[PDB]
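First comes the structure, then the notes that go with it.
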Amino acid sequence: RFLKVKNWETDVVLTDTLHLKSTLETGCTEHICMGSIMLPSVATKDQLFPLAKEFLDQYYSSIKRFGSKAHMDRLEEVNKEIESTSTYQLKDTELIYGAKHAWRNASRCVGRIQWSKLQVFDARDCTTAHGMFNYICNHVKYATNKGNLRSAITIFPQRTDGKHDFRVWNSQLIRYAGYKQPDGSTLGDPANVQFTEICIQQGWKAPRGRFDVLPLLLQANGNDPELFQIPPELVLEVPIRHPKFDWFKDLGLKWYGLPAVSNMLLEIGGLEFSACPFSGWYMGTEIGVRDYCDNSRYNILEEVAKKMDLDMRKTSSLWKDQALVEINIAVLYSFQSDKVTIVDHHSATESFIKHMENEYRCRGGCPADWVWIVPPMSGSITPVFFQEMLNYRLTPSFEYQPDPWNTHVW
Ligand code: HEM
Ligand SMILES: CNCc1cccc(-c2cc(C)cc(N)n2)c1
Ligand SMILES: C[C@H](O)[C@H](O)[C@H]1CNc2nc(N)[nH]c(=O)c2N1
Ligand SMILES: [Zn+2]
């Protein structure tokens, strides 16, 4: 009941007991392993105080006042407000703790060494899609910090009944538009073409280029969402050059500095925050491997390998592999020559192993998803390839949620 994870590059072993505190199910049974399925699958007051009890107990058991009366009066206070209103509200300190631990428990995140250094923006007083748009601009500006990126989350009012829900309809706050062409093909980002249509549907005026920043579709208190365009001076973008190849400029590629996921749900003490955009900084491979070279994304390996003049008749020339390394040299180089925060997959996996140690020491475990932790290129020349990870679901936590245009009573 006190399981062991081994590292095979180092022969180092650690003991996981943190998984005893786990609660939610994983998809795996004693006779089936779902570790590579992407997404496996009102809340009453009878269930809401147990979750409120569990959260608050570890929150006072973090500030070395577990079991005190300051704890007990807080437990009694939440208990009775869960009688009165049936729901409850978190303290400022309980929200900052809960948010930082949702990140800390996010087993699919390799950059979690930074989990404590997070800036929480309490937007629970927000009421309008314009108020949402204000909070979100202030997040963008702060989290960007002139390229010296800082991580942050903005927490909008929690779900109450179920109809009245704050939702950022964008998947990330900043993404490039996606238009399918009359000739069947696709301009911009193909992942967003469904979204982009809903944007033009709500009256967006598309510039119809490659790297068009989408507007925000912000839904406030269950209301029909409204389009707002982040001021372009707030959207920091990096033009992508290669430090050897001058033809690389003519590829005319760029990316935005700020990775800010907006479509997930923040669970704290049984409360559900449907709108909780959180931002850090990019690991190089997300842009240079996935965004740029996924077949159903920008799919640029074709053209990069051309300009390198590569043996493209043969699958086995590793022409694909060769153009993939140059592209991530170009992402990295470009972001750093502009002083915009980016981390390479070597230094990020190293930090994660480093983070993983401290978690097994001063916490007794680190939930971790190998399928997601291993970078999508050069897997085994990074140290996380050789690290056995235990995946389990701790709380507070970030969760996926449905897209709102497929659930909203419109
Ligand atoms: C310090 C900078 C950060 C780095 C370098 C980093 C790194 C990464 C990477 C590479 C991924 C994989 C993304 C993908 O493959 O689609 C990821 C996912 C994730 N990150 Fe981190 N991240 C950072 C900050 C944050 C913050 C600030 C939060 C939350 C407050 C967070 C929570 C998550 C979660 C929940 C996921 C998984 C979401 C999903 O399953 O799609 N990360 N991160
Ligand atoms: C399923 N995609 C989730 C997703 C998509 C795109 C980017 C991220 C991300 C988020 C943060 C905070 C940091 C980082 N380096 N990347 C996450
Ligand atoms: C089918 C498979 O689970 C899927 O491709 C996963 C694999 N690992 C991943 N890992 C990361 N970091 N990001 C991803 O999108 C995925 N996709
Ligand atoms: Zn499994």
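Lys/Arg Cβ at +1, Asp/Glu Cβ at -1, dipole of the range 216-317 taken about the Cα centre: which of 271, 296, 234 is farthest positive-ward?
The residue sitting farthest along the positive end of the dipole is 296.
If I model a spin label at residue 13 and residue 314 as a point 7 Å from the Cα along the Cα→Cβ vector, what separation in nanometres do I get?
Those two pseudo-labels are separated by 4.6 nm.
Considering only the other residues whose Cβ falls under 13 Å of the Cβ of residue 203, what net charge follows from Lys and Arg at +1 and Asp and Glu at -1?
-2
Any chance you could run the full-extension gain for residue 361 through residue 86? It's 0.36 nm times the residue separation minus the Cα-Cα distance, nm to one decimal.
95.2 nm
Within the range 51-131, list the chymotrypsin sites (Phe, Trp or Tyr not before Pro) lying in a DSSP loop whose Cβ has at most 16 other Cβ atoms in a 10 Å radius.
Filter output for the range 51-131: 66.
Roughly how big is the chain's charge dipole about its Cα centre, with Cβ charges of +1 (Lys, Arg) and -1 (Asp, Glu), in debye to the nearest 20?
Using Cβ point charges on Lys, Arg, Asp and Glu, the chain gives about 700 debye.
Taking residue 4 as the anchor, which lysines have their alpha carbon closer than 24 Å to its alpha carbon, excluding any fewer than eight residues away along the same chain?
Within reach: 21, 354.
Along Cα→Cβ, 7 Å out, is where each label goes; now give me the distance between the ones at residue 371 and residue 208 in nm to one decimal.
Here the modelled spin labels are 4.0 nm apart.
Residue 122 versus residue 76, label points 7 Å from Cα toward the beta carbon: distance in nm?
The modelled label-to-label distance comes out at 2.4 nm.
Could you work out the local net charge near residue 78, counting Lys and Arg as +1, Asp and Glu as -1, over the other residues with Cβ closer than 12 Å to its Cβ?
With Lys, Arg at +1 and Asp, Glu at -1, the neighbours total -3.
To the nearest 20 Debye, how big is the dipole of the range 1-152 about its Cα centre, given +1 on the beta carbon of each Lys and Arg and -1 on that of each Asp and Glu?
620 debye
Quick one: net charge of residue 343's neighbours, Cβ under 12 Å, K/R +1, D/E -1?
Around residue 343, the charge tally is -3.
Would you be so kind as to identify which of 184, 110, 333 lies farthest towards the positive end of the dipole of the chain, taking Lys and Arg as +1 and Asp and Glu as -1 on Cβ and the Cα centre as origin?
Value: 333.
Please label the shape of the range 231-349 as rounded, prolate or oblate, based on the square roots a ≥ b ≥ c of the eigenvalues of the alpha-carbon gyration tensor (a/c under 1.5 means rounded; beyond that, a/b larger than b/c means prolate, else oblate).
Judged from the Cα gyration tensor, the range 231-349 comes out prolate (a/c at least 1.5, a/b above b/c).
Would you mind checking the range 205-246 for residues with the amide N under 19 Å from a putative spin-label position 7 Å along Cα→C-beta of residue 148?
Within reach of a label on residue 148: 234-237.
Please label the shape of the range 287-410 as rounded, prolate or oblate, based on the square roots a ≥ b ≥ c of the eigenvalues of the alpha-carbon gyration tensor (a/c under 1.5 means rounded; beyond that, a/b larger than b/c means prolate, else oblate).
Judged from the Cα gyration tensor, the range 287-410 comes out oblate (a/c at least 1.5, b/c at or above a/b).
Does the range 137-191 classify as rounded, prolate or oblate by the C-alpha gyration tensor (a ≥ b ≥ c root eigenvalues; a/c under 1.5 gives rounded; else a/b over b/c gives prolate, otherwise oblate)?
Oblate is the answer for the range 137-191, as a/c is 1.5 or above yet b/c matches or exceeds a/b.
Which one of 151, 135, 164 has its Cα pushed farthest toward the positive end of the charge dipole of the range 132-179, where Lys and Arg give +1 and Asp and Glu give -1 at the Cβ?
About the Cα centre, the residue reaching furthest to the positive side is 151.
Binning at 20 angstrom from zero up to the longest distance, how are the C-alpha pair distances of the chain distributed in percent?
Spelled out per bin, shortest first, that is 24, 56, 19, 1.
For the range 1-156, report the % of Cα-Cα distances exceeding 23 Å.
58 percent
List the extent of the Cα atoms of the range 119-249 along each of their three principal axes, largest first, rounded to whole Å.
Computed over the range 119-249, the largest-to-smallest principal extents equal 54, 39, 20 Å.
Virtual Cβ from ideal backbone geometry, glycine too; neighbours counted across all protein chains shown. None of the figures in this text is laboratory data; all of them are computed from the coordinates on show.
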